[PDB]
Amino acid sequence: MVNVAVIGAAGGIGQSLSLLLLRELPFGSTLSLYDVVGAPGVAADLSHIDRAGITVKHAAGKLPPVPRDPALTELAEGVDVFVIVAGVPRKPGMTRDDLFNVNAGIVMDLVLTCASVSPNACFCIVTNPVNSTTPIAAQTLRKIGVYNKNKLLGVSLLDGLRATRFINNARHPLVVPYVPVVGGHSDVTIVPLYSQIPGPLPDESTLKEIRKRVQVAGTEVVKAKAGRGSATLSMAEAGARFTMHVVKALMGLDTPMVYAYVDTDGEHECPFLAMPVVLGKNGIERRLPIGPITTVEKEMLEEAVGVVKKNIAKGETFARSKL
């Protein structure tokens, strides 16, 4: 059916994501789990669940981590979808540049290892910062000669989940299933488009507050966790749902419209942007326009695009220094 690989499976997001995929993957599928620590334990725990027709596979990377880990090279054979959720924490004395450099190098190494074996797979990038790790992944795919602009997806759906939760909390009992969220995936680059959902909106003063809340929502969860770090359970939810949209599209079981941080393929001045796309059997099938927006949303988007172009440049600069 499909073979979905979670890369960083023993992680905060990767354990709960792996459980939701075990529950939701179509009968006949394989769930492949990789991590440099904890992967056997996760696979042994998930393998006890009574899901008939799901094969659980895993591989353990070396500690300390090696580039091009041969356990990952073997697990990556015959994978359709790679969900990259690997990451390392900022330790006391690590600068922001050090954190960026450490996680950028992990995304490069993992995409090189996986794509050298399964170059026609979809890559779903969760590892932050998405605005930068996506275009690092593209540069890495270009370097081996297998970049497919329709199969690289920056996972930005957690913004949509938040934007939806917050507007439904404000408009109860009027509910919507989703809110378009375009631009990028961090702070000022996040642009919720409430003007494109149905029904009367709260006053513009309230909308400024809600839109701001979407932009700083990650910091809201960092503060509430008081040292345990960023969102895990809501990112498992967003990641599992996004992965299941890809899977169903690859299997011919849906043609879903989603929001993701994607190669704009000449549709925009910005070469990567969170935008609406339809997914099909070959990955992205159609790039949709952003569509009509209010003057407030257009100003937010011009500001966002300026920062996204800097985020992308920072990714490509890192990728060309190392590759």
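Start at 1 with the first residue shown and count on from there.
Asker: May I ask you to compare 288 to 296 and 252 to 260 by their mean CA B factor in the entry and name the higher one?
Answerer: Comparing 288 to 296 with 252 to 260, the higher mean C-alpha B-factor belongs to 288 to 296.
Asker: Would you tell me which stretch averages the higher CA B-factor in the PDB entry, 301 to 309 or 10 to 18?
Answerer: In the deposited entry, the stretch with the higher C-alpha B-factor mean is 301 to 309.
Asker: Considering only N169, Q139, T232, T127, which residue's Cα atom bears the greatest B-factor as recorded?
Answerer: That would be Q139, according to the entry.
Asker: From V182, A121, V146, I84, which pick has the Cα B-factor that tops the rest in the entry?
Answerer: Answer for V182, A121, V146, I84: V146, with the highest C-alpha B-factor.
Asker: Would you check the entry's CA temperature factor for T243 and let me know if it's in the chain's lowest, middle or highest third?
Answerer: For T243, the deposited C-alpha B-factor lands in the lowest third.
Asker: What third of the chain does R165 rank in for C-alpha temperature factor, lowest, middle or highest?
Answerer: Answer is lowest: the recorded C-alpha B-factor places it there.
Asker: Based on the deposited C-alpha B factors for this chain, I'd like to know if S116 is in the lowest, middle or highest third.
Answerer: Highest third, going by the recorded CA B-factors of the chain.
Asker: Tell me, lowest, middle or highest third: where does the Cα B factor of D80 rank within its chain?
Answerer: Middle third - that is where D80 ends up once the chain's C-alpha B-factors are sorted.
Asker: If you rank every modelled residue in this chain by C-alpha B factor, which third holds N103: lowest, middle or highest?
Answerer: Within its chain, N103 is a highest-third residue by C-alpha B-factor, going by the deposited values.
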